[PDB]
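J.: As a preliminary step, the opening chains of the complex are given here in situ:
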Amino acid sequence: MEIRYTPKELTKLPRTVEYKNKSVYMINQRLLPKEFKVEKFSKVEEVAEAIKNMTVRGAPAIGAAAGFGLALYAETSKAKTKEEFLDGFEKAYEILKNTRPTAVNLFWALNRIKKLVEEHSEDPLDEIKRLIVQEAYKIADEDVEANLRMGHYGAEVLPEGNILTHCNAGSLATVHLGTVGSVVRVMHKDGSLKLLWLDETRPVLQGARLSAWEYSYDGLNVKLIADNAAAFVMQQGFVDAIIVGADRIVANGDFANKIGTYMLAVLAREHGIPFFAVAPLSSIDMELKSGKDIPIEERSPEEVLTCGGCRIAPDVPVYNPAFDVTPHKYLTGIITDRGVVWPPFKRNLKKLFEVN
């Protein structure tokens, strides 16, 4: 596989989370699509508050924001003796760690660095600082390049033409480029992307609010639709292939993703339209046998009873699963940052972890 494109060649957005001159820069996704604004945070409790807020969202972006938060602490602490610094590092690691104790990449970033700093406890203070900062950059860089690889892999296997996607797996879900967003962004540059359909994606509407804004921002050709309409456009032959991301893939390739991903798979299947999940290897948890092992988060009823600002329902019972589980059999294949994986995924996934 060759990477034929650099980040700048693919999008014109900055990165979703960035560190510069002892400060952390985030695109403020709470202000989208109305207003595009980069926030600048120069304290950890501001970075921490920007994680709770959901100023930043996307697992790899919630990681990077955290990493750089520690970077921010390293290059910022007034601690003179190494012993003060380590007690203050741990203070900030706890502050950061207790933002959305549910989002899993956060815990990953914060530990990777926690262990590094347990590792070099005896080195000089100014040296440990360098190491922290450095690793924060690694973490982040790491994601963009996984995203690059995924893109170029995906652009090989998907057809030219009309693609339909779901929720938000663009640049803004990631450090930069996106998982899905990489693929379509590569296709666009090649010119194999004639049309991208977007499910607004209720209840949280992240398809309307973020995905249409960012693919639109880069001049890609986008048609926003209601979720109900996915089937119809499929019926009419207006969709050559369907790509979604995935929040968790498990051993047999079954996977969980934002609600309505199962709907699509079943439909993609009725019109013999190819259907692919895209995600890096870290999203694959080999621990879990099958889809029935993935716990289902229900969120507040208010997400359904309202829509944007406005209320739209009487007070009545609601069912708001934030994710569904799509059985492996509906997967044409699974794009990852170490290549495309085909049936049978059970075997070829363990293989994929063996070879890495």
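T.: That came through fine. Numbers count the residues shown, from 1 in each chain, chains lettered A, B, ... in the order given.
J.: Which residue ranges make up each domain of chain A?
T.: A:1-156, A:157-356 (curated CATH domains).
J.: so can I have TSV of those domains showing mean neighbour count?
T.: All C-beta spots, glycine's among them, are computed from the backbone N, C-alpha and C. Conversion of the domains of chain A to TSV gives the following (neighbours: other Cβ atoms under 10 Å):
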stretch	mean neighbour count
domain A:1-156	18
domain A:157-356	19
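J.: who's in contact with stretch A:208-222?
T.: Applying Cβ atoms under 8 Å, 6 or more residues apart in numbering, the external contacts of stretch A:208-222 come out as A:10-13, A:29, A:32-33, A:36, A:165, A:167-173, A:178, A:181, A:184-185, A:188, A:193-198, A:200-201, A:224.
J.: Grab the CA positions of that stretch and hand them over as PDB.
T.: Taking C-alpha atoms only, stretch A:208-222 is exported to PDB below (Å, rounded to 0.1, in the frame of the first residue of the first chain):
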ATOM      1  CA  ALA A 208     -26.400  17.000   9.800                       C
ATOM      2  CA  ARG A 209     -24.600  19.100  12.300                       C
ATOM      3  CA  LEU A 210     -21.000  17.900  11.800                       C
ATOM      4  CA  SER A 211     -20.600  15.500   8.900                       C
ATOM      5  CA  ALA A 212     -22.300  17.800   6.400                       C
ATOM      6  CA  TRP A 213     -20.400  20.800   7.600                       C
ATOM      7  CA  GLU A 214     -16.900  19.200   7.400                       C
ATOM      8  CA  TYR A 215     -17.300  17.300   4.000                       C
ATOM      9  CA  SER A 216     -19.000  20.400   2.700                       C
ATOM     10  CA  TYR A 217     -16.100  22.500   4.100                       C
ATOM     11  CA  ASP A 218     -13.600  20.500   1.900                       C
ATOM     12  CA  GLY A 219     -15.800  20.900  -1.200                       C
ATOM     13  CA  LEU A 220     -17.000  17.300  -1.400                       C
ATOM     14  CA  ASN A 221     -20.400  16.600  -3.000                       C
ATOM     15  CA  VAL A 222     -22.900  16.000  -0.400                       C
END
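J.: chain center to stretch A:341-351, what's the gap?
T.: 23 Å (Cα atoms, centre = their mean, to the nearest Å).
J.: Can I get that stretch as CSV, trimmed to CA atoms?
T.: Below are the C-alpha coordinates for stretch A:341-351, written out as CSV (Å, rounded to 0.1, in the frame of the first residue of the first chain):
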residue,chain,number,x,y,z
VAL,A,341,-10.1,-7.8,6.3
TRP,A,342,-12.5,-10.2,4.6
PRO,A,343,-14.7,-13.1,5.6
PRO,A,344,-14.2,-15.0,7.7
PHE,A,345,-13.4,-12.2,10.1
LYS,A,346,-13.2,-14.5,13.1
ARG,A,347,-10.1,-16.2,11.7
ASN,A,348,-8.7,-13.3,9.7
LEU,A,349,-9.0,-10.9,12.7
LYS,A,350,-6.9,-13.1,15.0
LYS,A,351,-4.5,-13.5,12.1
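J.: And the contacts of it?
T.: Here stretch A:341-351 has contacts from A:249, A:251, A:252, A:253, A:284, A:286, A:328, A:331, A:333, A:334, A:335, A:352, using Cβ under 8 Å, 6+ apart.
J.: do you know how far the closest residue to residue A:306 other than its chain neighbours is from residue A:66?
T.: Leaving out its chain neighbours, the residue that sits closest to residue A:306 by Cβ to Cβ, 6 or more residues apart in numbering is residue A:312, at 6.4 Å. With distances taken as Cβ to Cβ, to the nearest Å, residue A:312 is found 35 Å from residue A:66.
J.: so who does the closest residue to residue A:47 other than its chain neighbours touch?
T.: Distance criterion Cβ to Cβ, 6+ apart; nearest residue to residue A:47, sequence neighbours excluded, is residue A:69 at 4.2 Å. For residue A:69, the contact set (Cβ under 8 Å, 6+ apart) comprises A:24, A:44, A:47, A:48, A:92, A:96.
J.: okay, now chain B:
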Amino acid sequence: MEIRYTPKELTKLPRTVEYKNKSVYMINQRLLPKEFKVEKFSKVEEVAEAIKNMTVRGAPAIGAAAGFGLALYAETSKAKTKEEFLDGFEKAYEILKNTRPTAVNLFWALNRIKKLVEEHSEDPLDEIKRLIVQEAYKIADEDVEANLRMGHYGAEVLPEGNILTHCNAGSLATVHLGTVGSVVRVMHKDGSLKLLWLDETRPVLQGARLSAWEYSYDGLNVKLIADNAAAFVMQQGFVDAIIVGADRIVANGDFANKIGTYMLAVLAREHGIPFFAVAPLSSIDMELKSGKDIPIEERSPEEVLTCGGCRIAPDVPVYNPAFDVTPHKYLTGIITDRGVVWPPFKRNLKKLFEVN
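T.: That brings us to chain B, laid onto the chains above:
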């Protein structure tokens, strides 16, 4: 077929449209679900205004209100000569006809009275008046007694259990009780209905805003959900049967309904859940042979771009097909007011019009 109930025993709501002491009463559907309020119209130009506003909606309720407007005129005309009274009746017929010059039942209703009055033009003035009033009541009564029949037919062929539905085909879509509405209201009274799922139904949200409130008012057990979640509650086996209205059935049983319906069809398919459509006999068009002979309406991009009041998207192209077409093979049966119809739909449907 026995009718084991009256409308009073099945709903605690008024008739969507009603006519009483020389005045049209309609439930203001524009103020739901926030406020419940029956408006009182006294002048034909107000009744015509409430068809336009969409204060009133649903083909038979629109048909009933346009007829009752002519009832209004007959009992309110300051006319002295019959020559005058048939000038001013033509004048009103036009005011009514120029409201939503598509909605089919309005044409029907207006014409049925128009024909009746021409036919009996030789008659005495107050003889003719009485005939208009009598006739406007028939049109409203007929829809209700069809409704009541369907209701009782549908409660037969459907299973006891959790039922899932789409958009609003309840009391508020008819003169009284609804099509689908009648069915669940019958099952509820019999206690054969443990749960009724409600697809919120983007883009227009008639599920959330209308069906949830109206079936809620009658104390049914309901749960609103995002359209994206239908497939998932099917998958968990929380759905025993799916019932939907239809805005137009053609010869082969192919049919057209609010966008999302075809999606449900294909998903009931994949989980072997029985899928039924319910309509009066007048909602079947024998002229049209197959689904592909049905014109597909698009509506304003604003219906997708926004939600309740709020905007939720950047200005990007949209596709807002307001209705999909569901091919006949997905239909377990078609429930009507003259019984139920089984595959092959083509033949049993033309039969049913001869014997009627």
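J.: Same as before for the contacts of stretch A:208-222, with chain B this time.
T.: Stretch A:208-222 is contacted from outside by A:10-13, A:29, A:32-33, A:36, A:165, A:167-173, A:178, A:181, A:184-185, A:188, A:193-198, A:200-201, A:224, B:304-305, B:312-314, B:316-317, using Cβ atoms under 8 Å, 6 or more residues apart in numbering or on different chains.
J.: With adjacent residues omitted, what lies nearest to residue A:310?
T.: residue B:308 (3.1 Å; Cβ to Cβ, 6 or more residues apart in numbering or on different chains).
J.: these two touch, right, that neighbour and residue B:33?
T.: No: in this structure, residue B:308 is not within contact of residue B:33 by Cβ atoms under 8 Å, at 10.6 Å.
J.: The two: which is more packed in?
T.: residue B:33 (21 against 16; other Cβ atoms under 10 Å in any protein chain shown).
J.: would you say that one is within a strand?
T.: No: counting by DSSP: H, G, I helix; E, B strand; the rest coil, residue B:33 is not found in a strand; it is coil.
J.: Tell me how far it lies from chain A.
T.: 4 Å (Cβ to the nearest Cβ, to the nearest Å).
J.: Tell me where the stretch 151-300 of chain A has strands.
T.: For the stretch 151-300 of chain A, strands defined by DSSP state E, counting those that start in this stretch occupy the ranges A:161-165, A:193-199, A:222-225, A:241-244, A:248-250, A:255-258, A:275-278, A:284-285.
J.: Name the nearest residue to residue A:305, sequence neighbours excluded.
T.: Per Cβ to Cβ, 6+ apart, closest to residue A:305 is residue A:313, 4.3 Å.
J.: Please name the residues that touch that neighbour.
T.: Contacts of residue A:313 by Cβ under 8 Å, 6+ apart are A:304, A:305, A:306, B:33, B:200, B:208, B:209, B:212, B:213, B:224.
J.: Would you format those as a markdown table with distance to residue A:61 included?
T.: Listed next are these as a markdown table, based on distance: Cβ to Cβ, whole Å:
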| residue | distance to residue A:61 |
| --- | --- |
| A:304 | 26 |
| A:305 | 29 |
| A:306 | 25 |
| B:33 | 37 |
| B:200 | 29 |
| B:208 | 32 |
| B:209 | 35 |
| B:212 | 36 |
| B:213 | 39 |
| B:224 | 32 |
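J.: Mind telling me the two of the residues you listed farthest from one another?
T.: The most widely separated members of the contacts of residue A:313 are A:306 and B:213, with 15.2 Å between them, by Cβ to Cβ.
J.: contacting residues around the residue lying closest to residue A:315 once chain neighbours are set aside?
T.: Counting by Cβ to Cβ, 6+ apart, residue A:315 lies nearest to residue A:305, which is 7.4 Å off, once chain neighbours are set aside. By Cβ under 8 Å, 6+ apart, the residues touching residue A:305 are A:311, A:312, A:313, A:315, A:318, B:208, B:224.
J.: Residue A:327 and residue A:254 touch, don't they?
T.: Yes: with contact defined as Cβ under 8 Å, residue A:327 reaches residue A:254; the gap is 5.4 Å.
J.: shared neighbours of these two, anything?
T.: With Cβ under 8 Å, 6+ apart, residue A:327 and residue A:254 have common neighbours residue A:291.
J.: and the stretch 101-250 of chain A, which of its residues are near chain B?
T.: A:197, A:199-203, A:205, A:208-209, A:212-213, A:216, A:222-233, A:235 (Cβ under 8 Å from any Cβ of the partner chain).
J.: Among those residues, name the ones in helices.
T.: Among those, the residues falling in helices (DSSP state H) are A:212, A:213, A:216, A:229, A:230, A:231, A:232, A:233, A:235.
J.: which stretches of chain A form helices?
T.: Using DSSP H, helices in chain A cover A:7-10, A:44-52, A:59-74, A:82-97, A:104-119, A:125-157, A:180-190, A:206, A:212-217, A:229-235, A:261-270, A:302-305, A:345-354.
J.: can you redo those as a markdown table with distance to residue B:118?
T.: As requested, the helices of chain A are exported to a markdown table (distance: least, Cβ to Cβ, whole Å):
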| stretch | distance to residue B:118 |
| --- | --- |
| helix A:7-10 | 71 |
| helix A:44-52 | 72 |
| helix A:59-74 | 72 |
| helix A:82-97 | 82 |
| helix A:104-119 | 75 |
| helix A:125-157 | 68 |
| helix A:180-190 | 63 |
| helix A:206 | 59 |
| helix A:212-217 | 55 |
| helix A:229-235 | 43 |
| helix A:261-270 | 52 |
| helix A:302-305 | 51 |
| helix A:345-354 | 72 |
